[PDB]
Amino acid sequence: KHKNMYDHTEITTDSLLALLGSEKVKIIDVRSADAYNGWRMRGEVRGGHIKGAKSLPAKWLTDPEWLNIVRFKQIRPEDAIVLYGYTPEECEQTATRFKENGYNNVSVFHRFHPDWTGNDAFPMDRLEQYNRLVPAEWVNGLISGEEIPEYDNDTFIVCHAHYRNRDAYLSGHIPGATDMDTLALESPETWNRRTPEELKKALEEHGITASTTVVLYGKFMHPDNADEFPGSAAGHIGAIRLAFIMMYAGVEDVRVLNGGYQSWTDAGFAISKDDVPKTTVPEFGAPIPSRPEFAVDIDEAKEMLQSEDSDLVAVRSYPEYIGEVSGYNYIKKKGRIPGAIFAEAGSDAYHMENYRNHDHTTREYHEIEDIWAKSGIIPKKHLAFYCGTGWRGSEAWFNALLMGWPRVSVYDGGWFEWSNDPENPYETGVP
């Protein structure tokens, strides 16, 4: 009877089943976050995670901040740790890592697949709209013309988003993908989405129809706030921003590669540097916009500030919220929109640490949901997410859309449009 760093106690299916409601038990899913979200990566009939389990991919074991990730997830040494993956062998290194850091109650569950997944009496959970947040393997099967799940279309295009930075695409991209500058879909004068006529033309010239499956991704290139255009390095936020605009426009099937470009290279897939020419299409094929409810403008936003069933959600950094900084080198006014619910997004305007993991995949949606619920950000409301110009608000909106929330929007204008009118009220300082 000795603590063994390399020999781990097995917990049975019946034992784990009896502990699903225990507050001191932490069930840890070491598979990829995509599988955790619901993707049936091994052909399992039921995808997702054990109900109540948290996400901690074994891939993160190479992260030097691994222990900080665990502690911020509130996984404490006094908790009973139960690990599972597709196989118990995949949990071995994670079990050792917990034990090496003072966690003495660590077990491995061996029968998640196919025992737990293969019986509908064992409760499981999943991200409702998980098929919109695709893993790298799914994209690779798509461009390879192989049979892939959650895909029934015959037309697709992979789009590499960037903000006035073609080098982000030319330095390395997914094979066959074409680049889309974010200026194709949004105006530099308002930093709002372009008019329906411009969107129709831009989408056609990039080879996108309403019936085309669009797979969007961006490349994170460490934005530096001191640069003139730090947005040129926050490629994946722009990709989700373009996903918002295309879904608003009328593209029926829009996918986002979870984690952006880094997920493609972390999977070990081949990289291309070809400047792929566009293959234009003559007609977009649907009225624009087909989903106008996704976009909220300033008159509706002011109305939502006065409504009981509606709220605006400020997806900005804390220094922006208290008026310490504007967040952008092209915005002079500092402050916040009065009456909006604050949802701290990250360190500055070009990072989304509170909505992402270190590998830029979306944060465990249960954590996003519970943090939102503490501030009254709940699905029974009409919510309009916003930030400075709508990039970060789009990413927060997309996270809510993935949860199946029925009435989420983006207030496009954001702090940029709000503060450009000197007659609009604003608050400042610590609340």
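We number the residues from 1 along the sequence you see.
- Of the two segments examined, 124-132 and 303-311, it is 303-311 that shows the higher average Cα temperature factor in the deposited entry.
- Remark: stretch with higher mean C-alpha B factor among 177-185 and 322-330 is 322-330.
- In the deposited entry, the Cα temperature factor of residue 32 sits in the bottom third of values across the chain's modelled residues.
- Per-chain ranking of the deposited C-alpha B factor places residue 43 in the highest third.
- In the PDB entry, a CA B factor belonging to the lowest third of its chain's modelled residues is recorded for residue 238.
- Among all modelled residues in this chain, the alpha-carbon of residue 62 has a temperature factor (C-alpha) in the middle third.
- Ranked against the other modelled residues of its chain, the C-alpha B-factor of residue 102 as given in the entry falls in the middle third.
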